[PDB]
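In what follows, one protein chain appears twice in different forms, each by itself as C-alpha cells: structure 1 and structure 2.
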Structure 1
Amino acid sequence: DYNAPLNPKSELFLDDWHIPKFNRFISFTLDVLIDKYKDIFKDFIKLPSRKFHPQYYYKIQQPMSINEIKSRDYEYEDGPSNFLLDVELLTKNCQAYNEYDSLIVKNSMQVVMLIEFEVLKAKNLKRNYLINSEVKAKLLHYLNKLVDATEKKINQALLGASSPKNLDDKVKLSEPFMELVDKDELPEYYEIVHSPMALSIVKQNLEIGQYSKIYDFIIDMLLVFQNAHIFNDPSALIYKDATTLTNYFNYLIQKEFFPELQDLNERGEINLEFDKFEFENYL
C-alpha cells in the first residue's frame, strides 16, 4: 500500500509543510546519509538488477531505490508526501520481499528512520530553537514527565473521557528504555540496532548541554522508541510500550511544550533564539 504512511498521524503527513528548493535538499541530505552510514545504505542505493531478480519484479509493484528518488522532482504541492511515501517504499518493498526478521529488513527500517529524522529537523527550522537555560529546564521537565508516566496517566492525556478504566498507575512504561541492554548478554541487539540509545543517556546529554537545538534532543528521544520497533516483533509488549511512549512524547512536545514556549515568549518571559549554522546548507 503505497499511499498508506507508516505513521499516518506523524506531523510529516499531517502538517502542510514544504522545504524551499526541495530537490536540492533531497540530494544533499541523501548523499550525507549515504556517506555517514555507508554499510546500511549501500543495499538501497541501486535497484536490484533485472537479469537476476525475477520474483522481486513479480512481487514488487513499485521498485524504489535512493538513486531513483534522487532523480525525481518533488517541487510541487504533493511533493513532500510523495517523497516520504517513496522513501517508505524502501522498507515496505523490502518487508514484502524478504523475511521480516532479516538483517536486510531491519536495515531498510533504519534507512527510512534516518531519512525521516533529517526531514523532521529540516521541516521544523522555524521552531528549532537553541537549547538555552530556559529551554533546557523546560525540556528536562517534559522528559521527567515522560519517564514517570504510567499507563493510566498516558491514557488520560491521549484519550480523555474515552480512556479505558482501571489502567495501571504504578509501573513506569519507561522502565525498559532507561538503560541499554548488556552487550554480552544480547550481542545480537548491537548487530541489528546500529544507533543504540536509552533514556538515561538522553537525559544526561540534556543535563550537561550536549544537545545544541531542540530537535537534536527530540530525535534522540524518538531514536530510543524507534529502535525498540526495529529490534522487537510488533506482537511484543515492549513494542507496544514503545508506541505508547512515542505517542505520549509527541503529545507532550506538540500540545504542552511548544505552546508553553509560545505563551512564555509572548509574555516576554523567555528568550527563543536560533543557531542557524547549516540551516540552509543544501542551498
Structure 2
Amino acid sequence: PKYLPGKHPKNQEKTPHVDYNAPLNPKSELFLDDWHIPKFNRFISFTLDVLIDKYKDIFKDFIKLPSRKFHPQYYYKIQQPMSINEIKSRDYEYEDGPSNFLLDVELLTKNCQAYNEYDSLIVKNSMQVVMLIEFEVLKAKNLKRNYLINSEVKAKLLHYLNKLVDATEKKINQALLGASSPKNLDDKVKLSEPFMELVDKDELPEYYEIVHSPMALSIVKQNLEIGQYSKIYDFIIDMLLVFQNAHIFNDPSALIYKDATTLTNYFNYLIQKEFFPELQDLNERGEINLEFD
C-alpha cells in the first residue's frame, strides 16, 4: 500500500482552529429541519455499534480518543478531542440533542483534518466515518416518507435517475437558479460521465485503498432493477455515496469534485422538488401505493 495506516501529523506552528458550531454542510436537511427520534440515545448506540461491526477497520482509530501515551501533543493542538465511545456515553435527549450529536460526530473528521495531513488514509477514513453515520441518521429522520420500493415507485426512481444521468450544465442551472441562470451554458456534455462506471483497479489502485464503499451510477441502476433497495432511502444513500466518494478521493479543486457537488445539489433538487411532490400528487388521486415498514 501507498497509504499507510495511523496518524500523519501536520506538525505546523499554528494549528487550525476547529469551529465546533459550523456544520460541514449548513444547508443539510439534518440541520434545517426540526426532527427528533424518540429514545435517541438508544438509536445512537444501536446505530454506532452496527457501523463499528460492519466497518471495523474504518471506525477503529475513532472509537477511543487518540493515545496520549503515543501522541501527547494531540492534546496541545486539539481543543475538543472526540471519540465514538465519548458520543455513546452522552445524553442527546433534549431539544438541541440532534444537532449537538451531529456536530459531535463531525468533530471526528474536523479534528482529524486539523491534526493530520489532508491526503492521508486516516483523514479519508474520518470522512467516511462521518458520512456513514450521517447516512443512517438521514434514513431514520425520513421514516415518514421512506416508502417501500414497489413496482411504481421503482419506475419513478428510474425516471429521476435517468434525468440526473442526462443532465447538462444548462439543465441544472435552469432548475437550480431558474430566471437567474446564466445564458450560453453547455447543453451537450452530461456531468454524470465520470460517475457512470468504477475506475479500473489496475490503472488507479490507490482509489480502492482510500474509497471503502465504491459506487457508480450504472451500479445503482442495476441494484434498483434487481431489488437491492427495498426502501426509497436505500437508493438515495447509494446515490449520495457516488458523489460523496468523489469528495473523499479527489482534491477539492478538481473539476470532478466540483461536478460531484453540482450533481449532489441537482439530485437533492429532484428528490425534494420533483419526486416527493409527485408521489404525493399521485397518492392524492389514488394512483400509487405508498407504504412503510
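Just so we're on the same page, residue numbers count up from 1 along structure 1's sequence. Between two forms, the rigid core is the largest collection of C-alphas that superpose within 1.5 Å.
A.B. asks: Align on the core first; then indicate which of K42, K255, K36, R50 has a CA shift of 2 angstroms or more between structure 1 and structure 2.
C.D. replies: Once the cores are aligned, the residue moving by 2 Å or more is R50.
A.B. asks: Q204: how far does its C-alpha move between structure 1 and structure 2, core aligned, in angstrom?
C.D. replies: C-alpha displacement of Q204 between structure 1 and structure 2: 1.2 Å.
A.B. asks: Keeping the rigid core fixed, work out how far the Cα of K165 travels between structure 1 and structure 2, to one decimal in Å.
C.D. replies: Value for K165 between structure 1 and structure 2: 2.5 Å of C-alpha shift.
A.B. asks: With both forms put on the same core, how far apart in Å are the CA positions of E118 between structure 1 and structure 2?
C.D. replies: It moves 0.6 Å at the C-alpha.
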